[PDB]
Amino acid sequence: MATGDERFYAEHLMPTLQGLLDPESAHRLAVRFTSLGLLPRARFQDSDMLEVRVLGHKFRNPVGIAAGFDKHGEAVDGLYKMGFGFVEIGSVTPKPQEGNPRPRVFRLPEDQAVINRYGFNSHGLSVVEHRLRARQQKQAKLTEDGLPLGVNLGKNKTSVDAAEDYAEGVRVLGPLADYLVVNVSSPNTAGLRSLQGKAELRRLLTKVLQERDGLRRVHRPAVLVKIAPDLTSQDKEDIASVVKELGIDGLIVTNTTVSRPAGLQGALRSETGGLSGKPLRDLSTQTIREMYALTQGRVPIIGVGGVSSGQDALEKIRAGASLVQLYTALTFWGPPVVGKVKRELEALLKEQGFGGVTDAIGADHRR
Ligand SMILES: Cc1cc2nc3c(=O)[nH]c(=O)nc-3n(C[C@H](O)[C@H](O)[C@H](O)COP(=O)(O)O)c2cc1C
Ligand SMILES: O=C(N[C@@H]1CCCc2c1cnn2-c1ccccc1F)c1onc2ccccc12
Ligand SMILES: CCCCCCCCCC[N+](C)(C)[O-]
Ligand SMILES: O=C1C[C@@H](C(=O)O)NC(=O)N1
Ligand SMILES: [Cl-]
Ligand SMILES: [Cl-]
Ligand SMILES: [Cl-]
């Protein structure tokens, strides 16, 4: 049973490594091991119940790795090996940039949470382009086999024209991606989340979509917008409106939160940055629920924020997500968490009378 690796990781290896390594070192080591395929056995075999068709693609299972883990596209193949149904790399900025000073990442173990203020540390588009080009046909085969690749695009700290930074990303990495994400929801770049005062969001996304439409057909990715959990009701209404009007392909709901929910215990709760993990979970699920309603269920949503179990995944799917991602849970529980979530989700689907993931998408809105 896989529960062996799961328990060993969760109860012994992971807490040991947490005591030995600072969180940024732990991130770097996890990326390096993953990149080399040095992974526990992923004992879980994906069943047909977990397959999802969305965004022009087959997804063998609906559990992805969220942006921010493999920022620079170094570990994509090991992430599939780990059992993820899809991988999102980035955020990638046009020019290389260092990000914020260290320390810039903090664990809140008591809360099963993380706070980060990386500030879009990125190798930049050219480096990532060449890295993805080196495995482009391997990725075409993976995609055809139900294992798509997403690329999350960011902007540089000193850029004078945000829309131009995103357009550069679409031109350079769009041809190498199944989907692109216009991340206008980092907490850690000044001005970024403001990329929604309405006619200006419309202006940005129109430029992005024009650049995407200009790519040759087999190199033309889906375009998604990733939003924060901190938006006003007005901002959410506005985003829904623009997405419908422009024919944006989907939404990623959500990025980290700049809020600090009552009840956090970790000593580092008042560090600046975005909060992820358990305390974000229900805020994210509620944002999914509202965006699904505002878009009439016609816009695919990738649900993200605090997923650590099959129940967490199913709640997001029933709220409206077609796919989910996780990050922070991997940091606490290690690679076995991926099989755990998938096994649990399959069991819950059966118990609740769903034929598969597809049948559960948005199920709460139909009761
Ligand atoms: C250390 C860290 C770095 C991240 N960097 C990125 C990023 O570069 N781009 C992005 O869109 N989201 C970034 N995120 C946000 C995650 O993609 C995700 O939306 C969020 O952490 C919620 O999921 P989780 O609770 O499962 O971690 C980052 C998250 C963490 C924890
Ligand atoms: O704690 C982190 N990694 C743990 C510790 C190092 C080893 C590791 C982790 C998660 N899988 N794994 C791992 C990956 C491949 C093979 C064996 C492993 F054991 C971590 O990784 N990304 C982060 C970002 C923010 C804060 C902490 C972060
Ligand atoms: C970060 C330290 C923990 C790393 C765990 C290494 C497991 C690699 C598994 C290799 N093996 C062929 C036995 O599966
Ligand atoms: O979009 C992002 C970017 C990131 C960063 O600080 O690099 N941190 C986040 O939490 N979300
Ligand atoms: Cl093993
Ligand atoms: Cl409000
Ligand atoms: Cl405090």
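Heavy-atom basis, side chains included; hydrogens, waters and symmetry copies ignored. Position 1 is the first residue of the sequence, and the numbers go up from there. All ligand and atom numbering here is 1-based and tracks the order in the structure.
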| query | When hydrophobic residues are tied together by side-chain contacts of less than 4.5 Å, even through go-betweens, does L275 share a cluster with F120? | reply | no
| Do side-chain atoms of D249 reach the backbone of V223 as a donor and acceptor pair under 3.5 angstrom? | yes
| Looking at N255, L251, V184, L153, which one forms a side-chain contact (heavy atoms from CB on, under 4.5 Å) with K226? | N255
| Just by distance, with hydrogens left out, do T158 and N156 show a side-chain donor and acceptor under 3.5 Å apart? | no
| field | Student check: side-chain heavy atoms of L50 and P62 closer than 4.5 Å | value | yes
| message | Using a 4.0 Å cut-off on heavy atoms, what residues surround ligand 1? Order them by chain and number. | response | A66, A67, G68, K71, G90, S91, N116, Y118, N152, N183, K226, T254, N255, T256, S276, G277, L280, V304, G305, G306, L326, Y327, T328
| task | May I have the step-by-step check of salt bridge (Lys or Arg N to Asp or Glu O under 4.0 Å) for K342 and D46, ending in yes or no? | result | CA-CA 8 Å; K342 293 188 301 179; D46 295 334; 2.8 Å; yes
